[PDB]
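Q: To start, I am sharing the structure in question, which I have written as structure tokens.
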Amino acid sequence: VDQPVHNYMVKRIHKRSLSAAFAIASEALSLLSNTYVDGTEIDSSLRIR
Amino acid sequence: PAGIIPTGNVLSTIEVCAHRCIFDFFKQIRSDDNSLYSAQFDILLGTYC
């Protein structure tokens with residue numbers, strides 16, 4: 001004669017990641033780190049670009 | 001400490017570094033240390049029946 005069973009299971013997490021790169025040219029940093037020194041006509045076009 | 005409210009006021013502030021061969025675990029910090037700020041924990045993500 002049989003008797004009923006109970007089961008207990010435990011599962012755990014597994015850690016992964018996702019990484020993506022993004023480059024900024026040195027002249028872009030120079031154009032965006034002026035801190036209120038430039039502002040002529042030809043510099044604005046390069047800054048907007 | 002973990003920022004818990006102290007329960008009892010300790011009297012007789014003496015040099016506890018000399019009586020170091022009591023207690024179980026004695027860590028002495030000069031002014032501050034980066035090992036006081038730790039927040040690792042385990043989490044249970046639900047049980048299913």
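Letters A, B, ... go to the chains of the structure tokens in the order shown; residues in each chain start at 1; ligands are counted from 1 in the same order.
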When you get a sec, could you note down which chain B residues fall within 12 Å of chain A, using only C-alpha atoms, as a list in words?

A: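 Here is what falls inside 12 Å: residues 42, 43, 44, 45, 46, 47, 48 and 49 of chain B.
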
Q: Could the residues in this selection be written to a file with N, CA and C atoms, as an mmCIF file, in the first residue's frame?

A:
```cif
data_model
loop_
_atom_site.group_PDB
_atom_site.id
_atom_site.type_symbol
_atom_site.label_atom_id
_atom_site.label_comp_id
_atom_site.auth_asym_id
_atom_site.auth_seq_id
_atom_site.Cartn_x
_atom_site.Cartn_y
_atom_site.Cartn_z
ATOM 1 N N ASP B 42 21.098 38.206 0.407
ATOM 2 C CA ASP B 42 20.454 37.184 -0.405
ATOM 3 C C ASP B 42 18.961 37.457 -0.434
ATOM 4 N N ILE B 43 18.311 37.099 -1.532
ATOM 5 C CA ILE B 43 16.892 37.374 -1.687
ATOM 6 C C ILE B 43 16.190 36.102 -2.143
ATOM 7 N N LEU B 44 14.966 35.910 -1.660
ATOM 8 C CA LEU B 44 14.124 34.793 -2.064
ATOM 9 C C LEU B 44 13.083 35.335 -3.027
ATOM 10 N N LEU B 45 13.017 34.748 -4.218
ATOM 11 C CA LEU B 45 12.253 35.309 -5.319
ATOM 12 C C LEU B 45 10.910 34.620 -5.524
ATOM 13 N N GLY B 46 10.273 34.173 -4.455
ATOM 14 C CA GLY B 46 8.948 33.591 -4.529
ATOM 15 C C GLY B 46 8.978 32.077 -4.454
ATOM 16 N N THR B 47 7.944 31.513 -3.836
ATOM 17 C CA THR B 47 7.757 30.073 -3.754
ATOM 18 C C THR B 47 6.502 29.684 -4.518
ATOM 19 N N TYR B 48 6.550 28.537 -5.187
ATOM 20 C CA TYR B 48 5.438 28.059 -5.992
ATOM 21 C C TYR B 48 4.992 26.694 -5.492
ATOM 22 N N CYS B 49 3.684 26.525 -5.329
ATOM 23 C CA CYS B 49 3.101 25.255 -4.928
ATOM 24 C C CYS B 49 1.924 24.949 -5.836
#
```

Q: What's around residue 38 (chain B) at 12 Å? Count only C-alpha atoms, leave out sequence neighbours fewer than 3 positions away in its own chain, and write the answer as JSON, numbers by chain.

A: {"B": [1, 2, 33, 34, 35, 41]}

Q: Save out the residues we just selected, C-alpha atoms, as a PDB file, in the first residue's frame.

A:
```pdb
ATOM      1  CA  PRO B   1      26.778  48.692  13.690  1.00  0.00           C
ATOM      2  CA  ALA B   2      24.368  49.020  10.701  1.00  0.00           C
ATOM      3  CA  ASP B  33      37.287  52.839   7.061  1.00  0.00           C
ATOM      4  CA  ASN B  34      35.617  51.739   3.845  1.00  0.00           C
ATOM      5  CA  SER B  35      34.688  48.319   5.279  1.00  0.00           C
ATOM      6  CA  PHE B  41      22.271  40.258   0.876  1.00  0.00           C
TER       7      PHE B  41
END
```

Q: Mind giving me the straight-line distance from CA of residue 15 (chain A) to CA of residue 37 (chain B) in Å, one decimal?

A: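 Answer for the CA of residue 15 (chain A) to CA of residue 37 (chain B) separation: 23.3 Å.
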